[PDB]
Amino acid sequence: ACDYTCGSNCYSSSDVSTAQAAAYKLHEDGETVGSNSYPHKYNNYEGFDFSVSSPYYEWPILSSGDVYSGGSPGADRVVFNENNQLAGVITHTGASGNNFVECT
Ligand SMILES: Nc1nc2c(ncn2[C@@H]2O[C@H](CO)[C@@H](O)[C@H]2OP(=O)(O)O)c(=O)[nH]1
Ligand SMILES: [Ca+2]
C-alpha cells in the first residue's frame, strides 16, 4: 500500500524522507536545481491546513525513485518548512491548471 498516492504515482514514507532531505540541504546552502529553481517557497494559495508552521517550501518528488536533479519536475511535490518538518505531499494531477490537490 502507498503512504501517499498522487494520481497514479505511489510513494512510501522513505521516498518522501529522501526527497525532503535533499531539498532541505539545498535550502540550508542557498542553492537551487532546475529551471524553476527548486526548492522554492510554496505560497499555499490553495489554503491547505498544514499541521506545521509557515514558511513552506516545495521540492519535486519523482515516480522513478530518483532524487530530482533538473529537467521536468513531474506533477508531484513534497512541502516542508524552515524546521525541516514535512507539511505534506501535493500534486498538479487531478487539479485544474497549475493548481494543487493533496495526495491521499
Ligand atoms: N498553485 C500554486 N502554485 C504555487 C504556489 N506557490 C508557488 N507556486 C508556483 O507558482 C507558479 C504558478 O502556479 C508555479 O511556478 C508553481 O510552482 P511549481 O509548478 O513549481 O509547483 C501555491 O501556493 N500554489
Ligand atoms: Ca518508492
# chains A, B, ... in the order shown; residues from 1 in each chain; ligands from 1
>>> residues_near_ligand(ligand="ligand 2", cutoff="9 Å", atoms="only C-alpha atoms and all ligand atoms", output="mmCIF file with N, CA, C and O atoms, in the first residue's frame")
data_model
loop_
_atom_site.group_PDB
_atom_site.id
_atom_site.type_symbol
_atom_site.label_atom_id
_atom_site.label_comp_id
_atom_site.auth_asym_id
_atom_site.auth_seq_id
_atom_site.Cartn_x
_atom_site.Cartn_y
_atom_site.Cartn_z
ATOM 1 N N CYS A 2 0.322 2.335 -0.567
ATOM 2 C CA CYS A 2 1.035 3.610 -0.636
ATOM 3 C C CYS A 2 0.757 4.463 0.595
ATOM 4 O O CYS A 2 -0.360 4.464 1.113
ATOM 5 N N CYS A 10 2.629 6.228 -6.684
ATOM 6 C CA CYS A 10 2.615 5.655 -5.346
ATOM 7 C C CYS A 10 3.918 5.906 -4.582
ATOM 8 O O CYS A 10 4.984 5.463 -5.010
ATOM 9 N N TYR A 11 3.830 6.598 -3.444
ATOM 10 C CA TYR A 11 5.014 6.896 -2.642
ATOM 11 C C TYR A 11 4.960 6.347 -1.224
ATOM 12 O O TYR A 11 3.890 6.264 -0.616
ATOM 13 N N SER A 12 6.125 5.964 -0.709
ATOM 14 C CA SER A 12 6.236 5.479 0.658
ATOM 15 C C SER A 12 6.868 6.609 1.472
ATOM 16 O O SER A 12 7.324 7.613 0.911
ATOM 17 N N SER A 13 6.865 6.462 2.794
ATOM 18 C CA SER A 13 7.448 7.466 3.673
ATOM 19 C C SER A 13 8.924 7.663 3.389
ATOM 20 O O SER A 13 9.434 8.780 3.480
ATOM 21 N N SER A 14 9.614 6.573 3.059
ATOM 22 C CA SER A 14 11.042 6.643 2.746
ATOM 23 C C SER A 14 11.311 7.446 1.466
ATOM 24 O O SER A 14 12.320 8.137 1.378
ATOM 25 N N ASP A 15 10.416 7.353 0.483
ATOM 26 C CA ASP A 15 10.554 8.113 -0.765
ATOM 27 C C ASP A 15 10.496 9.594 -0.408
ATOM 28 O O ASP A 15 11.292 10.397 -0.889
ATOM 29 N N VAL A 16 9.540 9.939 0.449
ATOM 30 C CA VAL A 16 9.333 11.313 0.887
ATOM 31 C C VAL A 16 10.494 11.859 1.718
ATOM 32 O O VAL A 16 10.951 12.974 1.481
ATOM 33 N N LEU A 62 9.820 12.380 -7.511
ATOM 34 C CA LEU A 62 9.626 11.640 -8.763
ATOM 35 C C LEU A 62 9.219 10.178 -8.619
ATOM 36 O O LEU A 62 9.712 9.462 -7.746
ATOM 37 N N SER A 63 8.351 9.729 -9.525
ATOM 38 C CA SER A 63 7.866 8.349 -9.521
ATOM 39 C C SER A 63 8.952 7.343 -9.885
ATOM 40 O O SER A 63 8.783 6.144 -9.673
ATOM 41 N N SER A 64 10.060 7.830 -10.432
ATOM 42 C CA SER A 64 11.170 6.966 -10.820
ATOM 43 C C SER A 64 11.937 6.463 -9.606
ATOM 44 O O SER A 64 12.600 5.431 -9.663
ATOM 45 N N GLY A 65 11.836 7.204 -8.508
ATOM 46 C CA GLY A 65 12.537 6.835 -7.294
ATOM 47 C C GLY A 65 13.824 7.625 -7.133
ATOM 48 O O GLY A 65 14.444 7.585 -6.073
ATOM 49 N N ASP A 66 14.242 8.325 -8.183
ATOM 50 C CA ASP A 66 15.457 9.133 -8.119
ATOM 51 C C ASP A 66 15.149 10.484 -7.481
ATOM 52 O O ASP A 66 14.000 10.923 -7.467
#
>>> residues_near_ligand(ligand="ligand 1", cutoff="7 Å", atoms="only C-alpha atoms and all ligand atoms", output="PyMOL selection string")
chain A and resi 36+41-46+58+77+98-100
>>> residues_around(residues="residue A:52", least_positions_apart="6", cutoff="9 Å", atoms="only C-alpha atoms", output="list in words")
residues 80, 81, 85, 86 and 87 of chain A
>>> write_last_selection(atoms="N, CA and C atoms", output="PDB file, in the first residue's frame")
ATOM      1  N   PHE A  80       7.743  21.224   2.738  1.00  0.00           N
ATOM      2  CA  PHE A  80       8.384  21.194   4.050  1.00  0.00           C
ATOM      3  C   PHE A  80       8.594  22.621   4.543  1.00  0.00           C
ATOM      4  N   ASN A  81       8.898  22.775   5.829  1.00  0.00           N
ATOM      5  CA  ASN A  81       9.106  24.112   6.369  1.00  0.00           C
ATOM      6  C   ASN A  81      10.546  24.411   6.790  1.00  0.00           C
ATOM      7  N   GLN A  85      10.344  20.146   8.672  1.00  0.00           N
ATOM      8  CA  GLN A  85       9.196  19.346   9.067  1.00  0.00           C
ATOM      9  C   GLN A  85       8.344  19.171   7.818  1.00  0.00           C
ATOM     10  N   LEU A  86       7.853  17.955   7.605  1.00  0.00           N
ATOM     11  CA  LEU A  86       7.011  17.662   6.457  1.00  0.00           C
ATOM     12  C   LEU A  86       5.640  18.282   6.659  1.00  0.00           C
ATOM     13  N   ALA A  87       5.244  19.130   5.718  1.00  0.00           N
ATOM     14  CA  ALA A  87       3.938  19.777   5.769  1.00  0.00           C
ATOM     15  C   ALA A  87       2.950  18.859   5.050  1.00  0.00           C
TER      16      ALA A  87
END
>>> closest_residue(among="A:60, A:4, A:83, A:47", to="residue A:22", atoms="only C-alpha atoms")
A:60
>>> atom_distance(atom1="atom CA of residue A:6", atom2="atom CA of residue A:72")
16.5 Å
>>> select_by_dssp(residues="stretch 14-50 of chain A", states="alpha helix (DSSP H)", output="list in words")
residues 14, 15, 16, 17, 18, 19, 20, 21, 22, 23, 24, 25, 26, 27, 28 and 29 of chain A
>>> atom_distance(atom1="atom CA of residue A:24", atom2="atom CA of residue A:93")
24.2 Å
>>> decode(residues="stretch 59-104 of chain A", atoms="N, CA and C atoms", output="mmCIF file, in the first residue's frame")
data_model
loop_
_atom_site.group_PDB
_atom_site.id
_atom_site.type_symbol
_atom_site.label_atom_id
_atom_site.label_comp_id
_atom_site.auth_asym_id
_atom_site.auth_seq_id
_atom_site.Cartn_x
_atom_site.Cartn_y
_atom_site.Cartn_z
ATOM 1 N N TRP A 59 9.463 20.921 -3.274
ATOM 2 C CA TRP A 59 10.502 20.186 -3.994
ATOM 3 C C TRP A 59 9.822 19.040 -4.742
ATOM 4 N N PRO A 60 10.259 18.760 -5.978
ATOM 5 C CA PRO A 60 9.636 17.671 -6.738
ATOM 6 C C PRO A 60 10.022 16.287 -6.232
ATOM 7 N N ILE A 61 9.037 15.395 -6.159
ATOM 8 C CA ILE A 61 9.269 14.008 -5.772
ATOM 9 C C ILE A 61 8.907 13.230 -7.048
ATOM 10 N N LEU A 62 9.820 12.380 -7.511
ATOM 11 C CA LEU A 62 9.626 11.640 -8.763
ATOM 12 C C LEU A 62 9.219 10.178 -8.619
ATOM 13 N N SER A 63 8.351 9.729 -9.525
ATOM 14 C CA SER A 63 7.866 8.349 -9.521
ATOM 15 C C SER A 63 8.952 7.343 -9.885
ATOM 16 N N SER A 64 10.060 7.830 -10.432
ATOM 17 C CA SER A 64 11.170 6.966 -10.820
ATOM 18 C C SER A 64 11.937 6.463 -9.606
ATOM 19 N N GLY A 65 11.836 7.204 -8.508
ATOM 20 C CA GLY A 65 12.537 6.835 -7.294
ATOM 21 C C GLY A 65 13.824 7.625 -7.133
ATOM 22 N N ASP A 66 14.242 8.325 -8.183
ATOM 23 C CA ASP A 66 15.457 9.133 -8.119
ATOM 24 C C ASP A 66 15.149 10.484 -7.481
ATOM 25 N N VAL A 67 16.182 11.135 -6.952
ATOM 26 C CA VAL A 67 16.024 12.468 -6.367
ATOM 27 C C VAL A 67 16.150 13.473 -7.523
ATOM 28 N N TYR A 68 15.274 14.475 -7.543
ATOM 29 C CA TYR A 68 15.274 15.500 -8.592
ATOM 30 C C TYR A 68 16.634 16.186 -8.771
ATOM 31 N N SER A 69 17.066 16.323 -10.020
ATOM 32 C CA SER A 69 18.345 16.965 -10.315
ATOM 33 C C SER A 69 18.281 17.889 -11.539
ATOM 34 N N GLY A 70 17.072 18.286 -11.925
ATOM 35 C CA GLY A 70 16.913 19.152 -13.082
ATOM 36 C C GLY A 70 16.021 18.492 -14.114
ATOM 37 N N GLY A 71 15.510 19.274 -15.057
ATOM 38 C CA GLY A 71 14.629 18.719 -16.068
ATOM 39 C C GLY A 71 13.193 18.786 -15.579
ATOM 40 N N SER A 72 12.296 18.049 -16.230
ATOM 41 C CA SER A 72 10.891 18.056 -15.840
ATOM 42 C C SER A 72 10.707 17.574 -14.405
ATOM 43 N N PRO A 73 10.034 18.387 -13.578
ATOM 44 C CA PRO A 73 9.767 18.078 -12.172
ATOM 45 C C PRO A 73 8.575 17.136 -11.952
ATOM 46 N N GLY A 74 7.836 16.836 -13.019
ATOM 47 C CA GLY A 74 6.659 15.991 -12.895
ATOM 48 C C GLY A 74 5.555 16.820 -12.253
ATOM 49 N N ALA A 75 4.510 16.167 -11.761
ATOM 50 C CA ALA A 75 3.388 16.879 -11.138
ATOM 51 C C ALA A 75 3.382 16.847 -9.614
ATOM 52 N N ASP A 76 4.234 16.012 -9.022
ATOM 53 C CA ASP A 76 4.259 15.836 -7.571
ATOM 54 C C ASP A 76 5.304 16.637 -6.796
ATOM 55 N N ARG A 77 4.927 17.082 -5.596
ATOM 56 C CA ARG A 77 5.819 17.879 -4.751
ATOM 57 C C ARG A 77 5.743 17.507 -3.278
ATOM 58 N N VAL A 78 6.853 17.700 -2.573
ATOM 59 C CA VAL A 78 6.888 17.496 -1.132
ATOM 60 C C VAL A 78 6.977 18.920 -0.579
ATOM 61 N N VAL A 79 6.151 19.226 0.415
ATOM 62 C CA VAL A 79 6.155 20.551 1.028
ATOM 63 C C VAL A 79 6.727 20.422 2.441
ATOM 64 N N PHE A 80 7.743 21.224 2.738
ATOM 65 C CA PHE A 80 8.384 21.194 4.050
ATOM 66 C C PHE A 80 8.594 22.621 4.543
ATOM 67 N N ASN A 81 8.898 22.775 5.829
ATOM 68 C CA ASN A 81 9.106 24.112 6.369
ATOM 69 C C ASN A 81 10.546 24.411 6.790
ATOM 70 N N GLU A 82 10.720 25.557 7.444
ATOM 71 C CA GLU A 82 12.023 26.016 7.910
ATOM 72 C C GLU A 82 12.710 25.048 8.880
ATOM 73 N N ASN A 83 11.923 24.325 9.674
ATOM 74 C CA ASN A 83 12.475 23.373 10.640
ATOM 75 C C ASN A 83 12.604 21.959 10.077
ATOM 76 N N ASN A 84 12.551 21.851 8.753
ATOM 77 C CA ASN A 84 12.637 20.570 8.054
ATOM 78 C C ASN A 84 11.547 19.607 8.509
ATOM 79 N N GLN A 85 10.344 20.146 8.672
ATOM 80 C CA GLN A 85 9.196 19.346 9.067
ATOM 81 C C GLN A 85 8.344 19.171 7.818
ATOM 82 N N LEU A 86 7.853 17.955 7.605
ATOM 83 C CA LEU A 86 7.011 17.662 6.457
ATOM 84 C C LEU A 86 5.640 18.282 6.659
ATOM 85 N N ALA A 87 5.244 19.130 5.718
ATOM 86 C CA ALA A 87 3.938 19.777 5.769
ATOM 87 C C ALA A 87 2.950 18.859 5.050
ATOM 88 N N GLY A 88 3.369 18.333 3.902
ATOM 89 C CA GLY A 88 2.517 17.434 3.143
ATOM 90 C C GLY A 88 3.067 17.076 1.778
ATOM 91 N N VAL A 89 2.278 16.318 1.018
ATOM 92 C CA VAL A 89 2.634 15.887 -0.332
ATOM 93 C C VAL A 89 1.452 16.290 -1.221
ATOM 94 N N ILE A 90 1.741 17.103 -2.236
ATOM 95 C CA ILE A 90 0.716 17.627 -3.136
ATOM 96 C C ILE A 90 0.998 17.295 -4.593
ATOM 97 N N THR A 91 0.012 17.528 -5.451
ATOM 98 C CA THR A 91 0.171 17.222 -6.858
ATOM 99 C C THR A 91 -0.716 18.070 -7.770
ATOM 100 N N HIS A 92 -0.239 18.289 -8.990
ATOM 101 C CA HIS A 92 -0.985 19.025 -10.000
ATOM 102 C C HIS A 92 -2.004 18.059 -10.631
ATOM 103 N N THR A 93 -1.767 16.758 -10.463
ATOM 104 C CA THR A 93 -2.641 15.723 -11.015
ATOM 105 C C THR A 93 -4.053 15.802 -10.432
ATOM 106 N N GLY A 94 -5.047 15.895 -11.309
ATOM 107 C CA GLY A 94 -6.429 15.980 -10.867
ATOM 108 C C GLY A 94 -6.831 17.373 -10.403
ATOM 109 N N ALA A 95 -5.972 18.357 -10.646
ATOM 110 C CA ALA A 95 -6.268 19.733 -10.275
ATOM 111 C C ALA A 95 -6.201 20.518 -11.573
ATOM 112 N N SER A 96 -7.096 21.488 -11.737
ATOM 113 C CA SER A 96 -7.122 22.284 -12.953
ATOM 114 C C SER A 96 -5.936 23.233 -13.034
ATOM 115 N N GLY A 97 -5.441 23.425 -14.255
ATOM 116 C CA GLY A 97 -4.322 24.320 -14.489
ATOM 117 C C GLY A 97 -3.083 24.015 -13.680
ATOM 118 N N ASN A 98 -2.558 25.052 -13.032
ATOM 119 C CA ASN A 98 -1.364 24.936 -12.207
ATOM 120 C C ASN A 98 -1.703 24.856 -10.718
ATOM 121 N N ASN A 99 -2.934 24.458 -10.402
ATOM 122 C CA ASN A 99 -3.361 24.325 -9.004
ATOM 123 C C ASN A 99 -2.873 23.007 -8.400
ATOM 124 N N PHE A 100 -3.099 22.840 -7.102
ATOM 125 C CA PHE A 100 -2.691 21.631 -6.399
ATOM 126 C C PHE A 100 -3.821 21.014 -5.587
ATOM 127 N N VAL A 101 -3.720 19.703 -5.376
ATOM 128 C CA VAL A 101 -4.638 18.946 -4.519
ATOM 129 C C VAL A 101 -3.700 18.047 -3.713
ATOM 130 N N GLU A 102 -4.109 17.659 -2.511
ATOM 131 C CA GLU A 102 -3.257 16.803 -1.697
ATOM 132 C C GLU A 102 -3.254 15.381 -2.201
ATOM 133 N N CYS A 103 -2.155 14.685 -1.950
ATOM 134 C CA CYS A 103 -2.046 13.288 -2.324
ATOM 135 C C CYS A 103 -2.708 12.555 -1.166
ATOM 136 N N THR A 104 -3.482 11.530 -1.484
ATOM 137 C CA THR A 104 -4.209 10.759 -0.484
ATOM 138 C C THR A 104 -3.409 9.625 0.166
#
